[PDB]
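To start, the structure under review is shown below, and the notes come after it.
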Amino acid sequence: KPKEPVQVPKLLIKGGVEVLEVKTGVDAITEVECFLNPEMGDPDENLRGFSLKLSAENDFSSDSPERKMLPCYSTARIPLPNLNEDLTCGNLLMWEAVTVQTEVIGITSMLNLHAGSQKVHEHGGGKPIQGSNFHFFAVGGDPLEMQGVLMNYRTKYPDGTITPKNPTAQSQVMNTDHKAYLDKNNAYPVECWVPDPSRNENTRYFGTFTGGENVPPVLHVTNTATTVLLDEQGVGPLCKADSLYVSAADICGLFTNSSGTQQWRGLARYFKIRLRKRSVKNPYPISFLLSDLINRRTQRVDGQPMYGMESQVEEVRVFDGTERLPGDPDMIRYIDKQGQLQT
Amino acid sequence: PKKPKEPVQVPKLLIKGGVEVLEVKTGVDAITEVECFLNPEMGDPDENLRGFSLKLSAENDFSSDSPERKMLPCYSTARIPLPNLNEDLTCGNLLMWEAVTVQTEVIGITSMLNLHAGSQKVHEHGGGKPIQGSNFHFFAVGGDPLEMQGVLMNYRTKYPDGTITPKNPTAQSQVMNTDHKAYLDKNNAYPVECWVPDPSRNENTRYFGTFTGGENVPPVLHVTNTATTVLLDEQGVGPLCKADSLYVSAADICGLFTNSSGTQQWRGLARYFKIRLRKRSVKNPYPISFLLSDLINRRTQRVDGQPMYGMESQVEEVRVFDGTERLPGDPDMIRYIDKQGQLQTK
Amino acid sequence: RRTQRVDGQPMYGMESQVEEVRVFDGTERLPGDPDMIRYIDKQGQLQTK
Amino acid sequence: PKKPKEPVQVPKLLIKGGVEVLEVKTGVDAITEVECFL
C-alpha cells in the first residue's frame, strides 16, 4: 500500500497583469511577481545603466551638478480591485501585504574584465566595480514618507530634481521642516532623502549601508529567503486606497574607466508580495461622505489663522466628567518643569 | 450578502499630537510612546559648517599638547519631563514611569554618498573620497543621569576651559582610577576622549556602545524600522524614573572626512529614539520620618552652640535604662550590646 | 530637590523636539486608516471660490 | 474604577560598602556580587 497524497493550496488562475480584476472568494491568496527599473541617470550613447562622471573639485562655496550625476529612487504602483459590493454598514474588507522576497537581477554582470575598465596592472585584467553600496527597498500601502537630510547647504540643484526648501545649517542635522512625499519615479536624488523613521505606520523599509573607499560588494541569490512583514500586533502594510506601493533603489558601487573617470552602476530588483484579505473597521462611513459632501460646496473663508505657529486659540478646557470639588482650582501637574535642582 | 468576519481587537488610540499630550488623565493601564531625536554636537567650528569639527592638529609635543575647544566631539544629553501620577494608592505604594522598550535608528545615513563635496581627489580623474576611518556609536536610556568613569590618555595635555575634564590627573589616571568621577549635566562640554560609562554604579540606566579604531575602515550602518531592542533586567523591571524625569544621552561619530587641501576632520549624525512607557506599582523604601526631618530644618533657627557631635564632644556618659531586673552586686559595671546580643564585661 | 541639574537640549517649549506622542488606554476594532487624521479639512483646501 | 496591582517580589538588599564588607558573617542563602578592578 502507498499513501494518499497530502494537501496543497489548489492553484487557480494565472497570467499577465490583467488577472487581478477577476473576483475570487473570501479566503483568497494572491502572489505578485514584479520588478523595478533602477534609475542611475542614463547618460547618452545607449549606456542605459551607468551615470555620468563625477565631479572632482567643487568647493563648498558653489556647487553646480547636473541631472545625470545623481541617482534616484525607483517607485511604481499596482492597481487593485475593490472588494465591498453593497453598502454593508459596519465592516469593510481590505488587502494586506504579508511576505516579501527580494533578489537582485543581473549580479553576474560584474565579471566582465574585457570592458573599458582601468588596466589594473601591466599584463593582468581590469579593475572590477568596487566601493560603496547602498541597497534599499520598501513595501507599503502608502507612499514612502521621507526625511530631508543633506550636507553642504550651498548646493544649487538642477530644476528637474525635487529637492528640499530653504537650505540652512539646520538642514545638516535632523530638522523637522524638510518633510515630503515620494510620488514620482526618477526625481528624488538619493544623496538628499533618507526614509523618515517617524511617520511610517504603513510602510516597512529595509536597508544595509556600507561606505568606504574600496570594499567588496557581497551579493546573495537564493530562492529560500522569506521576510515576514507582520508587525508585533498582527497586521501588515494595509491598503487604504486600492493600490500597493513599491519603492526601491539599488546602488552597486563605482566603475572606473580606462583613463580614470568614475561612474556609478546599479541593477534591478525582484519582488514577490503575497497579499490576502482582512476585516477592519470602516474608515469611510456615510458620515464621512456627508461631511465631504458639504465641505466641497461651502464658501472659502480666509481670515486670521487658528492653527499653527502664529495661532490665536489660547486655552481649551475639554472637560466632561465630575469629581469631588478640588481644594485648588488650578491644580499643577508637572512637579518641576524647568528645574530648580542641585548644583 | 453575508456579514464579514468580526475584526481583531488592537489597543485604542486616544490622543496623538505635540508635547502637550502627556497631561491627559488616563486610567491605570495607559501606555505611551515618545518619538524624539537628539542633535549631535560635534563642535561647530563656525555657524556655517554645522555638525563638523575643525581641522586637526597634526603633531604636537607629548608634553605641550594644547588643543582648542572647537575640535572635540562631545556627548549629547537631554531631559524629558513627565507629568505626575497623582494617584490614590494605599499603604504607601507609589506609581512611577518605567521605560520598557527602546528602538534606535540613525538618521541621515545617505548624506555620505555625496562624493562631490570638496574632498581631496582620490586618483587622476576620479571622483571624491567618501568618509572612512574610526567610527563610534553610543546611546543610553534611563531614569538617572549617566554616571560615568574617568579615563584619559596623556594626562599632561592642557585642555581649554569650555570643557569639563577630570580634576587633577596623574600618571595613574591613564588606567582605572577612582577619584575622577562626574555626572553628565552639560551639553557640548564632556569630551569623547575623556569619559566612558562607569560599570560599577548604574543600576538604573542601560547603555549600549561599540567602537572600531582604524586608519581606514568602512563605516557600516544598518537601518530597519522593525528592529526592537529590549530593556528588561533579570527581575523584570526596566529603568524606573525616581524623580519625574527621563534622562536620554547619546553620542555618534561616523568617521573622518577629507577637505580640499587634504585635511581629515570628523563627522557626526543625529539619532532617533522611541521609548515605550508604562506604570509600575512600586513600594516606598525610605522611612516615615523623612518629610518632617527636612520640614523642621528649614524653619527653626541655626544655633552656634558648643558642639556635641563627633570627636569634639563634651557629653561625658549616657545611660539608657529600660525594663527592670534584680540588684547588680556591682554598680561600676559596664553593659552594652555587641552585635546582636546583650553582653557585659567588667 | 536632590537630583543633578541637567542643561541639555530643549525638550520643551517653542523649539522642542518631541514629535509623535501616542497615548493608549483601551481596545478598539482595527482601524483601516492608520494615520488617524481627524479634521476632514484642517487647512481649508478644495473649497468654493 | 480600575485598581493598580501589588508590587512584585525582588531579592532584598542587605549591605554595601568598601572592601571591608568581606568580614561580616552572613546567613545561609547570602548571594554577593563582588565588583573589582585590575
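We label chains A, B, ... in the order they appear in the C-alpha cells, count residues from 1 in each chain, and number ligands from 1 in the order shown.
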
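Around residue 98 of chain A, within 7 Å and counting only C-alpha atoms, the residues found are residues 228, 229, 230, 236, 274 and 275 of chain A, once anything fewer than 6 positions away on its own chain is removed.
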
Since we have the selection now, will you write its residues out, keeping C-alpha atoms, as a PDB file, in the first residue's frame?
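To be explicit, this is the file written out as result.pdb:
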```pdb
ATOM      1  CA  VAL A 228       7.657  38.464   7.309  1.00  0.00           C
ATOM      2  CA  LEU A 229       6.177  41.973   7.137  1.00  0.00           C
ATOM      3  CA  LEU A 230       3.826  41.434  10.054  1.00  0.00           C
ATOM      4  CA  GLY A 236       0.937  44.081   7.610  1.00  0.00           C
ATOM      5  CA  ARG A 274       1.894  37.774  -1.099  1.00  0.00           C
ATOM      6  CA  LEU A 275      -1.415  39.523  -0.379  1.00  0.00           C
TER       7      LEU A 275
END
```

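For residue 203 of chain A, the non-local neighbours within 7 Å, defined as residues at least 3 positions apart in the same chain or in other chains and counting only C-alpha atoms, are residues 138, 139, 140, 141, 142, 144, 200 and 237 of chain A.
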
(message) Would you pick out the contacts of residue 109 of chain A at 12 Å or less, using only C-alpha atoms, so that residues sharing its chain but fewer than 6 positions from it are not included, and give the list as a PyMOL selection string?
(response) chain A and resi 49+115+128-129+252+265-268

(request) Could the residues of chain C within 7 Å of chain B, counting only C-alpha atoms, be given as a ChimeraX atom specification, please? (result) /C:5-9,11,17-30

(message) Please identify the strand (DSSP E or B) residues within segment 43-142 of chain B (assignment by DSSP from backbone atoms) and present them as a ChimeraX atom specification.
(response) /B:74,76-81,83,94-99,101-102,105-107,135-142

Next, dump the selected residues to file, keeping only N, CA, C and O atoms, as a short mmCIF file (atom, residue, chain, number, x, y, z; two decimals), in the first residue's frame.
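New file out-v6.cif:
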```
data_model
loop_
_atom_site.label_atom_id
_atom_site.label_comp_id
_atom_site.auth_asym_id
_atom_site.auth_seq_id
_atom_site.Cartn_x
_atom_site.Cartn_y
_atom_site.Cartn_z
N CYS B 74 31.64 65.72 21.57
CA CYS B 74 31.10 65.72 22.92
C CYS B 74 29.82 64.90 23.00
O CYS B 74 29.15 64.64 22.00
N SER B 76 26.02 64.23 23.77
CA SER B 76 24.78 64.98 23.71
C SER B 76 23.79 64.42 24.73
O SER B 76 23.61 63.20 24.82
N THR B 77 23.15 65.32 25.47
CA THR B 77 22.31 64.93 26.59
C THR B 77 21.06 65.79 26.61
O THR B 77 21.05 66.91 26.11
N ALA B 78 20.00 65.24 27.20
CA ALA B 78 18.72 65.93 27.27
C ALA B 78 17.86 65.33 28.37
O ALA B 78 18.09 64.20 28.80
N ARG B 79 16.85 66.08 28.78
CA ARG B 79 15.93 65.66 29.82
C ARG B 79 14.48 65.84 29.37
O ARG B 79 14.09 66.92 28.94
N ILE B 80 13.69 64.78 29.48
CA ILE B 80 12.29 64.81 29.10
C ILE B 80 11.46 64.88 30.40
O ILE B 80 11.60 63.98 31.24
N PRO B 81 10.64 65.90 30.59
CA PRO B 81 9.78 65.93 31.78
C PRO B 81 8.64 64.95 31.63
O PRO B 81 8.26 64.59 30.52
N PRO B 83 4.59 64.14 33.46
CA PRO B 83 3.61 64.59 34.45
C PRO B 83 3.49 63.60 35.59
O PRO B 83 3.89 62.44 35.49
N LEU B 94 3.43 53.58 45.44
CA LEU B 94 3.54 54.69 44.51
C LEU B 94 3.38 54.18 43.09
O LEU B 94 3.29 52.97 42.86
N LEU B 95 3.35 55.09 42.12
CA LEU B 95 3.35 54.72 40.72
C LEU B 95 4.37 55.59 40.00
O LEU B 95 4.30 56.81 40.08
N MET B 96 5.33 54.96 39.33
CA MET B 96 6.36 55.69 38.60
C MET B 96 6.45 55.15 37.17
O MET B 96 6.00 54.05 36.86
N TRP B 97 7.04 55.96 36.30
CA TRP B 97 7.09 55.64 34.88
C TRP B 97 8.28 54.76 34.55
O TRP B 97 9.43 55.10 34.85
N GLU B 98 8.00 53.64 33.89
CA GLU B 98 9.00 52.65 33.50
C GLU B 98 9.23 52.76 32.01
O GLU B 98 8.28 52.97 31.26
N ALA B 99 10.48 52.60 31.57
CA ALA B 99 10.80 52.73 30.15
C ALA B 99 11.14 51.36 29.57
O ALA B 99 12.29 50.93 29.61
N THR B 101 10.80 49.68 26.30
CA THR B 101 11.41 49.26 25.04
C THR B 101 11.94 50.44 24.25
O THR B 101 11.18 51.35 23.89
N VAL B 102 13.22 50.41 23.94
CA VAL B 102 13.88 51.42 23.12
C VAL B 102 13.97 50.87 21.71
O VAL B 102 13.79 49.67 21.48
N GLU B 105 17.76 54.18 15.61
CA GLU B 105 17.84 54.19 14.15
C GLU B 105 18.51 55.49 13.74
O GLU B 105 18.04 56.56 14.08
N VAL B 106 19.60 55.38 12.99
CA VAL B 106 20.42 56.55 12.68
C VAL B 106 19.79 57.32 11.53
O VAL B 106 19.43 56.73 10.50
N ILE B 107 19.65 58.63 11.69
CA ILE B 107 19.04 59.49 10.68
C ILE B 107 20.13 60.20 9.90
O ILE B 107 21.03 60.81 10.49
N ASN B 135 34.90 54.84 13.54
CA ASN B 135 33.55 55.20 13.91
C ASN B 135 33.34 54.97 15.40
O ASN B 135 34.16 54.32 16.05
N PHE B 136 32.23 55.48 15.92
CA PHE B 136 31.89 55.34 17.33
C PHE B 136 30.40 55.62 17.46
O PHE B 136 29.91 56.62 16.93
N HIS B 137 29.68 54.74 18.15
CA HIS B 137 28.25 54.94 18.37
C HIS B 137 27.90 54.55 19.80
O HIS B 137 28.34 53.50 20.28
N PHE B 138 27.12 55.39 20.46
CA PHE B 138 26.82 55.23 21.88
C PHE B 138 25.53 55.95 22.25
O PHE B 138 25.38 57.14 21.99
N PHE B 139 24.61 55.22 22.90
CA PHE B 139 23.37 55.82 23.37
C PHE B 139 23.02 55.21 24.72
O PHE B 139 23.57 54.18 25.11
N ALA B 140 22.09 55.85 25.42
CA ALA B 140 21.78 55.49 26.80
C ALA B 140 20.40 55.99 27.19
O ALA B 140 20.05 57.14 26.90
N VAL B 141 19.63 55.14 27.86
CA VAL B 141 18.26 55.43 28.27
C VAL B 141 18.12 55.06 29.74
O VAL B 141 18.41 53.93 30.12
N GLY B 142 17.68 56.01 30.56
CA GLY B 142 17.46 55.67 31.95
C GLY B 142 16.85 56.81 32.73
O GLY B 142 16.77 57.95 32.27
#
```

(message) I'd like the contact shell of residue 266 of chain B - 10 Å cut-off, only C-alpha atoms, skipping same-chain residues fewer than 3 positions apart - returned as a list in words.
(response) residues 42, 43, 51, 52, 53, 54, 55, 56, 71, 72, 73, 131, 132, 133, 134, 135, 253, 254, 255, 256, 257 and 258 of chain B
